[PDB]
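> To start, I am sharing the structure in question, which I have written as structure tokens.
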Amino acid sequence: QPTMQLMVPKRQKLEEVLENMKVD
Amino acid sequence: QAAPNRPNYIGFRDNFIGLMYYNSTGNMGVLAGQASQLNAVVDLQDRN
Amino acid sequence: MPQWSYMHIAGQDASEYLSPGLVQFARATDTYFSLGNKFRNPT
Amino acid sequence: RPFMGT
Amino acid sequence: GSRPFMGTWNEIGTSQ
Amino acid sequence: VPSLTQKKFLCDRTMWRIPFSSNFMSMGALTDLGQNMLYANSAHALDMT
């Protein structure tokens with residue numbers, strides 16, 4: 001019943017809605 | 001009549017919770033060298 | 001002593017009466033699935 | 001094989 | 001291997 | 001007198017958990033399903049009620 005997906009929304013260059021590392 | 005009065009024990013919380021301004025980025029601490037004084041503890045506000 | 005061999009009453013232990021493979025499965029999978037309590041190790 | 005974690 | 005006559009499993013196992 | 005049974009489930013001083021993982025088991029800390037090719041390799045929003 002592999003209810004498959006097929007759809008991956010990423011974003012050209014391919015970063016996914018994200019958030020980076022906070023530095024001091 | 002009379003009665004006793006319900007006990008109300010007052011006392012500082014477990015491991016002194018809520019006495020060091022944790023996690024409130026409005027008033028955080030700092031542990032930085034007497035140097036480029038850039039704070040070294042950038043605490044989030046949504047992390048408890 | 002063939003009777004106390006193929007009931008594992010007093011004979012070989014688990015680590016060497018399994019296959020060279022099933023011991024690997026039982027020693028790799030021991031954090032989620034435990035194939036260690038089934039078999040008998042005799043003393 | 002190939003499983004456990006570390 | 002030079003005093004194996006101890007609780008044993010298949011090898012003189014209980015030797016510690 | 002005829003009686004009807006009730007049942008509470010009092011469980012306090014603990015948090016509920018739902019390990020994000022294939023078989024709901026703690027076989028690690030970086031879950032096997034939080035590392036897969038459909039979650040850690042694809043964007044996803046969610047909504048829970």
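The way I read the labels, and the way they are meant: chains A, B, ... in the order of the structure tokens, residue 1 as the first residue of every chain, and ligand 1 as the first ligand shown, with later ones counted on from there.
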Select from chain D every residue with an atom at most 10 Å from any atom of chain F, then for each give the shortest pair of atoms and their distance in Å to one decimal, using only C-alpha atoms, rows by chain and rising number, as a tab-separated table.

residue	atom	partner	partner_atom	distance
D:3	CA	F:27	CA	9.9
D:4	CA	F:27	CA	7.3
D:5	CA	F:28	CA	6.2
D:6	CA	F:28	CA	8.2
> Would you kindly return, as a PyMOL selection string, each protein, DNA or RNA residue with an atom no farther than 9 Å from any atom of region 7-22 of chain A, considering only C-alpha atoms and excluding same-chain residues fewer than 6 positions away?
(chain B and resi 42) or (chain F and resi 38-39+41-44)
> So that I can see what lies close to region 31-38 of chain B, please list as a ChimeraX atom specification the residues with an atom at most 12 Å from it, counting only C-alpha atoms and leaving out residues fewer than 3 positions away in the same chain.
/A:23-24 /B:28,41-43
> Could you write out that same residue set with C-alpha atoms as a compact mmCIF listing (two decimals), in the first residue's frame?

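Saved the output as result_33.txt:
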# COMPACT_ATOMS: atom_id res chain seq x y z
CA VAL A 23 26.54 32.97 16.83
CA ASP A 24 27.98 35.02 19.61
CA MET B 28 19.50 37.81 29.75
CA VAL B 41 24.87 33.52 26.09
CA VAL B 42 22.29 34.37 23.42
CA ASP B 43 19.28 32.69 25.01
> Taking only C-alpha atoms into account, name the residue in C:33, C:25, C:39, C:4 that is nearest to chain F.
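Counting only C-alpha atoms, the residue closest to chain F is C:33.
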> CA of residue 11 (chain E) to CA of residue 35 (chain C): how many Å, to one decimal?
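Interatomic distance, CA of residue 11 (chain E) to CA of residue 35 (chain C): 21.8 Å.
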> Just the residues within 12 Å of residue 2 (chain D), please, counting only C-alpha atoms, with nothing from its chain fewer than 5 positions along; format it as a count of residues only.
5
> Fewer than 6 positions away in the same chain doesn't count, so skip those; otherwise give me all residues within 7 Å of region 9-22 of chain C, counting only C-alpha atoms, as a ChimeraX atom specification.
/C:39-43 /E:9-10
> Export, as a compact mmCIF listing (two decimals), in the first residue's frame, the selected residues with N, CA and C atoms.

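Final file, again_9.txt:
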# COMPACT_ATOMS: atom_id res chain seq x y z
N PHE C 39 16.56 -18.07 22.83
CA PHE C 39 17.42 -19.25 22.83
C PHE C 39 17.93 -19.56 24.23
N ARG C 40 18.38 -20.79 24.42
CA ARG C 40 18.90 -21.27 25.69
C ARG C 40 20.42 -21.33 25.65
N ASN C 41 21.06 -20.74 26.64
CA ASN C 41 22.49 -20.92 26.85
C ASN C 41 22.71 -21.78 28.08
N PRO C 42 23.27 -22.97 27.94
CA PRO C 42 23.35 -23.88 29.09
C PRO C 42 24.57 -23.63 29.94
N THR C 43 24.48 -23.98 31.23
CA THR C 43 25.59 -23.80 32.16
C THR C 43 25.74 -25.09 32.96
N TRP E 9 30.47 -22.78 30.69
CA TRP E 9 29.36 -22.64 29.72
C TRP E 9 29.65 -23.50 28.48
N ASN E 10 30.69 -23.29 27.67
CA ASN E 10 31.15 -24.20 26.57
C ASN E 10 32.63 -23.97 26.61
